[PDB]
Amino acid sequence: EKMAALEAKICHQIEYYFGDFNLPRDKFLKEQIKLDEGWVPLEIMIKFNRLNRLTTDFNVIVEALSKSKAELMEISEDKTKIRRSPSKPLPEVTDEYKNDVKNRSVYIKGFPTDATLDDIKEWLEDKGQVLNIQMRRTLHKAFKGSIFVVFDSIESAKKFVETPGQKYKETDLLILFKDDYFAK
């Protein structure tokens, strides 16, 4: 277990960077990918903060992916560069789709300003497949305590949004669809 859990964290992080949600908004990455038919050096990858926190060891990152479930990433011949499989292009961002991403967006208020992505990640663990967590922030770049969660499907969004209890382990939360939130 504990090792397998960690190798999965490694995978999911790399897969989030190159994911459908994050890549379109990742100028640094979008750039790197243009320099070599999409390949990016693990030497530059270990630079990413959240990945680095887990490991800076190239082989470890390679075993972790070699054994992925999403199978969205590609490892190079010399096992030093990785990339998003060309056979898995990014979506055609249409209005029908920009709209559907909104319907899958939920707002939650009541998170201790001193909570981290892993605190929020942990709590969401068994509440539905999520594609993105947005920690809202002030001007001083501080965590407002409120966030935006994007789920993989409306079904799990609606199930979530429509659950009574919804208390953050002791505290109580405000849970609305990103849409309503703008009744402000």
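Throughout, we count residues from 1 along the sequence that is shown. If you superpose the two forms and keep the largest set of C-alpha atoms that fall within 1.5 Å, you have the rigid core.
Q) Which stretch is less alike in 5 other deposited structures of this protein, 37-45 or 134-142, counting RMS CA distance after the rigid core is superposed? A) Relative to the shown form, the greater RMS C-alpha distance in 5 other deposited structures of this protein belongs to 134-142.
Quiz item: 7-15 versus 162-170: which one's CA atoms end up farther from this form in 5 other deposited structures of this protein after a core fit?
Solution: Output: 162-170, the stretch lying farther off on average in 5 other deposited structures of this protein.
Margin query: Please compare 72-80 with 107-115 and name the stretch with the higher mean C-alpha B-factor in the deposited structure.
Written below: Between 107-115 and 72-80, it is 107-115 that shows the higher mean C-alpha B-factor.
- Query: Which has higher Cα B-factors on average according to the PDB entry: 44-52 or 131-139?
  - Reply: Comparing 131-139 with 44-52, the higher mean C-alpha B-factor belongs to 131-139.
Next on the checklist: Split into thirds by Cα B-factor across the chain's modelled residues, where does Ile175 land: lowest, middle or highest?
Outcome noted: Middle third - that is where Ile175 ends up once the chain's C-alpha B-factors are sorted.
Practice item. Using the B-factors in the PDB entry, rank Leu29's C-alpha atom against the chain and give the third, lowest, middle or highest. Key: For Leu29, whose C-alpha B-factor we compare with every modelled residue in the chain, the answer is the lowest third.
Quiz prompt | Where the record places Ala64 (Cα B-factor, split into thirds across the chain) | solution = According to the entry, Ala64 has a C-alpha B-factor in the chain's lowest third.
Assigned third (lowest, middle, highest) for the C-alpha B factor of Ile120:
According to the entry, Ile120 has a C-alpha B-factor in the chain's highest third.
Comparing against every modelled residue in the chain, figure out the third that the C-alpha B-factor of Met3 lands in (lowest, middle or highest). Middle third of the chain for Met3's C-alpha B-factor.
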